[PDB]
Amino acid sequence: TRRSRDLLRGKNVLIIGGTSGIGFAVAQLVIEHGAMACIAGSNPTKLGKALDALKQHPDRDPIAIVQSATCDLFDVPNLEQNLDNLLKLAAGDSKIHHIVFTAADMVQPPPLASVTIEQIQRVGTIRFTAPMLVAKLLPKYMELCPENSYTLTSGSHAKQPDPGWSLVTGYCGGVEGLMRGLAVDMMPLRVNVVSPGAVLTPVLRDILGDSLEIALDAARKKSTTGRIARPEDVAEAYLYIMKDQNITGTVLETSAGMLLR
């Protein structure tokens, strides 16, 4: 509709993790609303295919320009400058208006009894240090105002942990805590978290392989909706946050009712 369109037409949106899954669907919604979308990822092959997919999305507002950049989020010595370059690129000729930091990763970490300091800090680098640094650099490329937003991603497993996942559960709690600290330190910019549940992404399919349909019966049994989330469903939550200039400091839970059980 025109008011959603006017909320976001011509606005720059950076989507870290936009190659597939939730980020890609956010990118689709962004350009359907007339916004400029910059997607970032770790894989140039994946990034290239996602980028053409967006350019010829038939529901793309013709006005929407799509661009891409490759950014390595585990390279500690160059992380701040890589992130600084990404934001420069995303700002382009003006300023960034909305940042989405997606987290679509769940690879079970080693057993607690074997975890190492190196392993701990790697998850933190990706889950904690990088979002902090984007916040540090952000005022150069984005106006701190409530028309703009910076959105992070945690997960329902922060509240309902699976056994074997304590390192990841811990940094998920850290993302939600970081959001709250940043909502104060970056005011009047709006900072929020989306906390998704089980989402049926292509990589989720591929991981589970033959084990897919078992895991999905579990997730449906655990939900109250009785069905697995579409990435398109979850992406609406990030778009809502862009539109509502009143929402900041909160964790938006879109997880099929699993948290009720």
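Residue positions are given as counts along the sequence shown, with the first one as 1.
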Response to the item:
Of 68 to 76 and 181 to 189, the stretch with the higher mean C-alpha B-factor in the deposited entry is 68 to 76
Discussion item. Which is higher on mean Cα B factor in this entry, 171 to 179 or 114 to 122?
Written reply: 114 to 122
Worksheet item: In this PDB entry, which of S94, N148, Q160, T102 has the top CA B-factor?
Response: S94
Practice prompt. Compare the CA B factors listed in the entry for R227, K222, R230, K46 and report the winner.
Written response: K46
Worksheet item: Considering only modelled residues of the same chain, in which third does the CA B-factor of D59 rank: lowest, middle or highest?
Response: highest
Discussion item. How does the C-alpha B factor of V107 compare with the rest of the chain: lowest, middle or highest third?
Written reply: highest
Response to the item:
Binned into thirds over the chain's modelled residues, the C-alpha B-factor of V203 lands in the highest
Practice prompt. Determine, from the deposited record, the chain-internal third of the Cα B-factor for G249: lowest, middle or highest.
Written response: lowest
Item to complete: Ordered by C-alpha B-factor within the chain, which third holds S195? Give me lowest, middle or highest, please.
Response: lowest
